[PDB]
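Below is the file data.cif, which contains mmCIF, C-alpha atoms.
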data_target
#
loop_
_atom_site.label_atom_id
_atom_site.label_comp_id
_atom_site.auth_asym_id
_atom_site.auth_seq_id
_atom_site.Cartn_x
_atom_site.Cartn_y
_atom_site.Cartn_z
CA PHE A 5 258.54 54.01 133.28
CA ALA A 6 258.01 50.46 134.56
CA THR A 7 254.90 48.63 133.34
CA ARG A 8 255.64 45.48 135.36
CA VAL A 9 257.35 44.92 138.70
CA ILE A 10 259.58 42.02 137.63
CA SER A 11 260.96 39.26 139.86
CA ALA A 12 263.43 38.00 137.24
CA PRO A 13 266.30 39.29 135.07
CA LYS A 14 265.29 41.73 132.35
CA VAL A 15 264.66 40.35 128.85
CA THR A 16 266.63 42.51 126.41
CA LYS A 17 266.51 40.48 123.20
CA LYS A 18 264.06 37.99 121.72
CA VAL A 19 264.74 35.04 119.40
CA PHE A 20 262.83 32.01 118.17
CA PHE A 21 263.06 28.40 117.01
CA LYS A 22 260.62 26.75 114.63
CA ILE A 23 260.51 23.05 115.52
CA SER A 24 259.90 20.08 113.25
CA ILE A 25 259.33 16.58 114.59
CA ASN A 26 259.88 13.78 112.08
CA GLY A 27 259.56 16.49 109.45
CA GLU A 28 256.19 17.83 110.66
CA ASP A 29 255.87 21.44 111.80
CA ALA A 30 255.48 21.53 115.59
CA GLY A 31 255.26 25.28 116.20
CA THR A 32 257.46 28.10 117.42
CA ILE A 33 259.36 28.53 120.69
CA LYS A 34 260.21 32.14 121.55
CA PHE A 35 263.02 33.04 123.96
CA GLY A 36 263.93 36.15 125.89
CA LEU A 37 267.63 36.68 126.58
CA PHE A 38 269.10 38.28 129.72
CA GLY A 39 271.49 40.54 127.86
CA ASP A 40 271.93 43.06 130.68
CA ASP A 41 273.25 40.26 132.90
CA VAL A 42 275.20 37.95 130.56
CA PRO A 43 275.69 39.97 127.35
CA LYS A 44 278.42 37.77 125.88
CA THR A 45 276.45 34.55 126.35
CA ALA A 46 273.22 36.15 125.13
CA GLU A 47 274.99 37.58 122.07
CA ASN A 48 276.46 34.18 121.18
CA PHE A 49 272.98 32.61 121.27
CA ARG A 50 271.38 35.50 119.37
CA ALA A 51 273.95 35.39 116.57
CA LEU A 52 273.63 31.62 116.27
CA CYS A 53 269.88 32.12 115.76
CA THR A 54 270.45 34.54 112.86
CA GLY A 55 273.51 32.86 111.34
CA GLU A 56 274.95 36.34 110.70
CA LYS A 57 278.53 35.34 111.59
CA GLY A 58 278.80 32.99 108.59
CA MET A 59 281.17 30.03 108.58
CA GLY A 60 282.90 28.74 111.70
CA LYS A 61 286.45 27.46 112.14
CA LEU A 62 285.17 23.87 112.17
CA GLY A 63 283.75 24.17 108.65
CA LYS A 64 280.04 24.50 109.48
CA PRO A 65 277.73 27.52 109.48
CA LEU A 66 277.49 29.31 112.83
CA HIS A 67 273.73 28.81 112.76
CA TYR A 68 271.31 26.73 114.83
CA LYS A 69 269.16 26.01 111.75
CA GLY A 70 269.04 22.28 111.01
CA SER A 71 270.54 21.17 114.34
CA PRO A 72 268.71 18.54 116.42
CA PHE A 73 267.63 18.18 120.01
CA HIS A 74 269.99 15.29 120.59
CA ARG A 75 269.32 14.57 124.27
CA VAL A 76 265.88 14.72 125.82
CA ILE A 77 265.36 13.57 129.43
CA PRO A 78 261.81 13.75 130.83
CA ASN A 79 261.55 15.55 134.18
CA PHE A 80 264.97 17.15 133.63
CA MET A 81 265.75 19.09 130.45
CA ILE A 82 265.99 19.05 126.66
CA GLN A 83 269.33 19.68 125.01
CA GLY A 84 270.40 20.77 121.53
CA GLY A 85 272.66 23.17 119.67
CA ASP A 86 275.31 20.85 118.24
CA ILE A 87 275.73 22.79 115.00
CA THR A 88 278.91 21.04 113.81
CA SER A 89 278.38 17.28 114.20
CA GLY A 90 274.71 17.17 115.22
CA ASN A 91 275.31 14.24 117.57
CA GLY A 92 275.96 15.89 120.94
CA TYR A 93 279.76 16.01 120.75
CA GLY A 94 280.19 19.08 118.56
CA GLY A 95 279.36 22.76 118.44
CA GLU A 96 281.11 26.12 118.11
CA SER A 97 280.64 29.59 119.55
CA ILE A 98 280.84 32.82 117.55
CA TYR A 99 284.03 33.73 119.39
CA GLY A 100 286.43 31.43 117.53
CA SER A 101 287.11 29.33 120.64
CA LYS A 102 285.05 28.03 123.52
CA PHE A 103 284.36 30.88 125.88
CA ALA A 104 284.51 31.45 129.62
CA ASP A 105 281.65 31.10 132.05
CA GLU A 106 280.33 34.66 132.11
CA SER A 107 278.27 34.65 135.32
CA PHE A 108 276.54 32.15 137.61
CA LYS A 109 274.29 34.82 139.17
CA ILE A 110 271.12 33.53 137.45
CA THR A 111 270.17 30.14 138.86
CA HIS A 112 268.18 27.13 137.62
CA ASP A 113 265.12 27.93 139.70
CA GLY A 114 262.40 26.48 137.48
CA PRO A 115 261.34 25.10 134.11
CA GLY A 116 261.79 27.02 130.89
CA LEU A 117 265.28 28.43 131.54
CA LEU A 118 267.92 28.55 128.80
CA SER A 119 271.36 27.46 129.99
CA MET A 120 274.68 26.58 128.36
CA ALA A 121 275.78 22.97 128.20
CA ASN A 122 279.52 22.47 128.62
CA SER A 123 282.30 19.99 129.29
CA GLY A 124 283.83 21.66 132.32
CA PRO A 125 284.77 25.17 133.44
CA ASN A 126 284.95 27.77 130.66
CA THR A 127 283.95 25.45 127.79
CA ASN A 128 280.87 27.19 126.38
CA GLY A 129 280.22 26.60 122.68
CA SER A 130 276.81 26.38 121.00
CA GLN A 131 275.14 23.55 122.91
CA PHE A 132 272.36 24.66 125.26
CA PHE A 133 269.57 23.12 127.26
CA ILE A 134 266.09 24.14 128.42
CA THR A 135 265.11 23.11 131.94
CA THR A 136 261.79 21.40 132.48
CA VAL A 137 262.12 21.25 136.31
CA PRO A 138 264.15 23.27 138.85
CA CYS A 139 267.80 22.13 138.64
CA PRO A 140 269.56 23.85 141.58
CA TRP A 141 272.32 21.22 141.58
CA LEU A 142 273.46 22.80 138.27
CA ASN A 143 273.99 26.23 139.85
CA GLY A 144 277.61 27.32 139.57
CA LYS A 145 278.22 24.82 136.76
CA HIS A 146 276.11 26.13 133.84
CA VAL A 147 275.45 29.73 132.78
CA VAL A 148 271.73 30.56 132.60
CA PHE A 149 271.14 33.28 130.03
CA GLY A 150 267.50 33.30 128.96
CA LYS A 151 264.03 31.85 129.25
CA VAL A 152 261.12 30.61 127.19
CA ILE A 153 258.61 33.43 126.70
CA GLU A 154 256.25 31.60 124.30
CA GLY A 155 255.71 28.01 123.24
CA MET A 156 256.48 26.21 126.49
CA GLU A 157 253.89 23.64 125.37
CA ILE A 158 256.26 22.80 122.49
CA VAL A 159 259.10 22.28 124.98
CA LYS A 160 256.80 19.91 126.88
CA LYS A 161 255.94 18.10 123.63
CA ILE A 162 259.65 17.62 122.92
CA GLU A 163 260.20 16.46 126.51
CA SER A 164 257.45 13.84 126.12
CA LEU A 165 259.43 12.29 123.24
CA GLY A 166 262.49 11.72 125.42
CA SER A 167 263.69 8.69 127.33
CA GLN A 168 265.50 7.85 130.54
CA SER A 169 268.72 7.42 128.54
CA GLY A 170 268.15 10.77 126.82
CA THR A 171 267.91 9.24 123.35
CA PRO A 172 264.85 10.91 121.77
CA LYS A 173 262.11 8.79 120.21
CA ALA A 174 261.66 11.11 117.21
CA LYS A 175 263.84 13.39 115.08
CA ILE A 176 263.45 16.90 116.55
CA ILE A 177 265.04 19.65 114.47
CA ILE A 178 265.36 23.41 114.67
CA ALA A 179 263.71 23.83 111.27
CA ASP A 180 264.21 27.60 111.33
CA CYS A 181 265.41 30.24 113.76
CA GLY A 182 266.13 33.92 113.98
CA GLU A 183 265.81 37.15 115.89
CA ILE A 184 262.48 38.77 116.67
CA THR A 185 262.78 42.25 115.13
CA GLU A 186 259.07 42.69 114.27
CA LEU A 187 258.79 43.55 117.98
#
Starting from the file, lay out its structure as C-alpha cells.
Amino acid sequence: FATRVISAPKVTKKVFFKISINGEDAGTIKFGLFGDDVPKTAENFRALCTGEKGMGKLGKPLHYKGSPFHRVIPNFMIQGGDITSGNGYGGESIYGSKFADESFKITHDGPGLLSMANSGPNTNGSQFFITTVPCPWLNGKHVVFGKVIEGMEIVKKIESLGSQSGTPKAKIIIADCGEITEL
C-alpha cells in the first residue's frame, strides 16, 4: 500500500553522519540509499557507516568514522570518504578490491545526491561526493546510489567552507556514523 507517489528511486536503507567542524559538533546528515537499484554500491556505503566489516587490506578500519571532507567546491559538490590516507588519494571498499560501476541509471539531476568518486571506469572504493547543484555532465561516469533525507543545511554549511581549488577552509570530519535502525 503506497503512501506516496514517488518520482525518485525507492529508499531502502538509511544511514547517518555526525559532522564536526574544527572539533565543534555541526549536526547530523541522514541519507537514504537506493538499495533496490544499486544494492552492491548501497551495501558498501552502509557497511562503511557501521564499520561492521572490520579491518581492510590496506591496514585501516573499513569505517567512515574519523575521515574528512577533503575536497569542497562551492556550487558543485562536497567530497569525502578517504578512510585509508584521509587526503583524497586513498580509500577501500568492503569487497577487497575496487569494484565495478554497478549502474548509471540514476542521474545527477539535482543537489543532495550521493555518488561514488572514482579514478576511471570500475574503480569504486570508499570515496563519495554529495552534489550541491545538478551535475548532468557526470552521468555515465559516477554511480549515484543515495540522497540526503535530512540535514541538507549541514551540507550547505560544509559547502560554504569550500574554495575554488576545493581545499576546505576548516577541518570537517565525520565524527560518527552508522545505520538508522531505530526506524
Original post:
Just how far from CA of residue 34 in chain A is CA of residue 159 in chain A, in Å to one decimal?
Top reply: 10.5 Å
Original post:
With all atoms listed in the file as the atoms that count, which of A:8, A:109, A:67, A:175 lies nearest to residue 41 in chain A?
Top reply: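 Residue with the minimum atom-to-atom distance to residue 41 in chain A: A:109.
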Subject >> Residues within 8 Å of residue 49 in chain A, only C-alpha atoms, excluding chain neighbours under 4 positions, as a VMD selection string >> reply: chain A and resid 45 53 130
Residues from last step as file, C-alpha atoms, as a short mmCIF file (atom, residue, chain, number, x, y, z; two decimals), in the frame of the given file:
data_model
loop_
_atom_site.label_atom_id
_atom_site.label_comp_id
_atom_site.auth_asym_id
_atom_site.auth_seq_id
_atom_site.Cartn_x
_atom_site.Cartn_y
_atom_site.Cartn_z
CA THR A 45 276.45 34.55 126.35
CA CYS A 53 269.88 32.12 115.76
CA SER A 130 276.81 26.38 121.00
#
Original post:
Which residue gives the smallest distance to residue 62 in chain A among A:141, A:124, A:89, A:161, with only C-alpha atoms counted?
Top reply: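 Closest residue, counting only C-alpha atoms: A:89.
If only C-alpha atoms are the atoms counted, then among A:47, A:56, A:29, A:113 the closest residue to residue 139 in chain A is A:113.
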**OP:** Please provide the set of residues having any atom within 8 Å of residue 36 in chain A, restricted to all atoms listed in the file, with same-chain residues fewer than 4 positions apart removed, written as a list in words.
**Re:**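 In the requested form, the answer reads residues 15, 16, 17, 18, 19, 150, 151, 152 and 153 of chain A.
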